[PDB]
Amino acid sequence: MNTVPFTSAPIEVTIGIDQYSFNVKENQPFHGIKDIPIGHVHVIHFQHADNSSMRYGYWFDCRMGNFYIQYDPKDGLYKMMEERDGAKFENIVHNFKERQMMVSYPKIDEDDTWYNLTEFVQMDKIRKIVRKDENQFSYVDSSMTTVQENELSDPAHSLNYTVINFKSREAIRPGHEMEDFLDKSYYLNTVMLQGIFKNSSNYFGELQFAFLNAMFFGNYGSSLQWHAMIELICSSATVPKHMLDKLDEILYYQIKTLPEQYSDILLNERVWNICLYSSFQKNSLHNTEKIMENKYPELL
Amino acid sequence: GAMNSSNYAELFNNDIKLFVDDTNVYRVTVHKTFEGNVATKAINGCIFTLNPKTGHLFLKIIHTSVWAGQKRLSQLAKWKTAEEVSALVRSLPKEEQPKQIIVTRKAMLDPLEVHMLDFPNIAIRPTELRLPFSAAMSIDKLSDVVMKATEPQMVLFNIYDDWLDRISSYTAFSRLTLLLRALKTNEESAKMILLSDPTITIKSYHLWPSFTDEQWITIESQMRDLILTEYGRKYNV
């Protein structure tokens, strides 16, 4: 069980860790989160009481180092930082725990939610989508744009998701124009799985990372990306059975976890109705369809 | 963006563009089978691809053989259209390739877009105009060449005959679309108006009678009258 201490909390902020969150008052003696389950990625994130704009946060994995938070009064945000002095860090952490200034990562033991939403997400892959290689953790916020968005301005701050585009040469073989546009199996399986992603797990990992960035930061380009990756599979006639079963599981937990009041901007009416009702894979997402209907039959 | 009444004069500037109409590509007769079921029989069709500035018409004839052993023919017809238009562009020298292609039906955008991926600087556009290009098979010489064809075949025409010698593209297109609107609403009356006078002939290299300028005024008035009439009948006004 690992710990992310906080130096202080100088400004009133709502702190999230994964799907949990806590209100922290200006100069309240809050000094970290403890009992963070090892073995998965995690995301700590923030929304200032005074700017309900720019939700921001940090992806990390406690196996990759000791990380802590520290408010910067110049840049005005809570920053993640790595402590290299392993002894100086156990020291900080033990003292804060003794004084019980830390909240416990509040995992119910029956609950596989976070595992389910991060099954395929691997920190090394995140750091290739969010390139900032001097740090072992990755920052994302509400307003960061994607590489695809940029093509249609600052690259250092881009989300380098894999570009998917149904009306591109990449997607469409010469001579198979109609075939390939109506049945994206070749784009999915040869171009994307075998070519770029190498395997289904990295594909599902990017898909899950995009969903989470949309949910936690309302990052619009991530939502675009999550929807594209869903559509690419649903619109392929020929998908491995193991990918379809897993997809239905992945989407189920993502739909289950979404805040109910956000379904209007995070869910793309066209893609969902096409995937669940028109696509090759209409009958292959039984759980995703059952939960979508019983929770958001309006969108459908 | 879409083409509409506002940007109508753009059709006659010096930017090469083509209209593509796919409405006569997949043509069938519907009939009863011995058992009493309905079947279709396909007849030859055509892609209507027209430069509205110059009158040049690229009439690509769609031979019924194209459909043999194919499913979802109405959907294929859109891709076959797009394939043939794309090949038509590839066949043209660079300086003749269009800068724009305006499709008269929106369902053609994606098929043409995909087929034109090799031509990213050719803008594929829809239109909000209700152009009558479906009445093209009401032009006797165009329907004859389509129905006689025994193989795929491209036939080139000037759909303005020699009008541009004496009028502008804008006026030439407005005549064309008025003649076709009338053929579309009441073919029999329309053709009557055009041929009632035996002494006005169609040249062997033309589609339409050799009306003088004054005779064209009377023709155009008669076509307008025809169109207004049919409207009150349809709607009881």
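Virtual Cβ from ideal backbone geometry, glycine too; neighbours counted across all protein chains shown. Numbers and lists here come from the model and the stated rules, or from a named source; none is laboratory data.
Only one entry in A:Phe181, A:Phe204, A:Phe209 is within 14 Å of another protein chain (Cβ to nearest Cβ) and either touching a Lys or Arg at 6+ places or on another chain (Cβ under 8 Å) or assigned to a loop (DSSP other than H, G, I, E, B) (or both), namely A:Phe181. Close Cβ contacts (under 8 Å, 6 or more residues apart or on different chains) running from residues in the stretch B:177-189 that are of a type in the set (D, E, K, R) to residues that are in a helix (DSSP H, G or I) comprise B:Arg181/B:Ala135; B:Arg181/B:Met223; B:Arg181/B:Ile227; B:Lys184/B:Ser134; B:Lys184/B:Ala135; B:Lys184/B:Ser138; B:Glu187/B:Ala135; B:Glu187/B:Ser138. Among residues belonging to the stretch A:146-187 that are among the polar types (S, T, N, Q) and in contact with a strand residue (DSSP E or B) (Cβ under 7 Å, 6 or more places away or on another chain), point out the one that is nearest to A:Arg63 (Cα to Cα). Here the answer is A:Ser158. Here the condition is being surrounded by 14 or more Cβ atoms within 10 Å (Cβ to Cβ), touching a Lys or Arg at 6+ places or on another chain (Cβ under 9 Å) and farther than 24 Å from A:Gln122 by Cβ; of A:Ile255, A:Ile233, A:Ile291, it holds for A:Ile291 alone. Scanning for something assigned to a helix (DSSP H, G or I) and not assigned by CATH to the domain that holds A:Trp226, does the stretch A:71-78 turn up at least one residue? No, the stretch A:71-78 contains no residue that is assigned to a helix (DSSP H, G or I) and not assigned by CATH to the domain that holds A:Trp226. Among the numbered conditions (1) surrounded by fewer than 16 Cβ atoms within 10 Å (Cβ to Cβ); (2) within 14 Å of chain B (Cβ to nearest Cβ), the only one that A:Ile196 does not meet is (2). Scan the stretch A:82-106 for residues that are within 22 Å of the chain's Cα centre (by Cα) and either in the same structural domain as A:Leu258 (by CATH) or surrounded by 15 or more Cβ atoms within 10 Å (Cβ to Cβ) (or both) and the total you get is 2. Within the stretch B:75-100, being within 14 Å of chain A (Cβ to nearest Cβ), over 18 Å from the mean Cα position of the chain (by Cα) and among the small types (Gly, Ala, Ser) holds for one residue alone: B:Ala87.
Screening A:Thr190, A:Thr238 for residues that are outside any helix (DSSP H, G or I) and surrounded by fewer than 22 Cβ atoms within 10 Å (Cβ to Cβ) leaves exactly one candidate, A:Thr238. Picking from residues in the stretch A:114-139 that are among the polar types (S, T, N, Q) and in a loop (DSSP other than H, G, I, E, B), the one that is farthest from the chain's Cα centre (by Cα) is A:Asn135. Restricting attention to the stretch A:31-58, the residues that are assigned to a strand (DSSP E or B), out of contact with any helix residue (DSSP H, G or I) (no Cβ under 8 Å at 6 or more places or on another chain) and farther than 19 Å from A:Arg127 by Cβ add up to 5. With respect to the stated conditions, B:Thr104 fails to be within 12 Å of chain A (Cβ to nearest Cβ) and closer than 24 Å to B:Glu10 by Cβ.
Residues in the stretch A:212-230 that are of a type in the set (A, V, I, L, M) and either outside any helix (DSSP H, G or I) or buried (at least 23 other Cβ atoms within 10 Å of the Cβ) (or both): A:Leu212, A:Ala214, A:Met229, A:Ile230. Among helices (runs of 4 or more DSSP H) entirely within the stretch B:153-237, having at least 2 residues that are surrounded by 13 or more Cβ atoms within 10 Å (Cβ to Cβ) and in contact with a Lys or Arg (Cβ under 8 Å, 6 or more places away or on another chain) singles out B:169-185, B:213-235.
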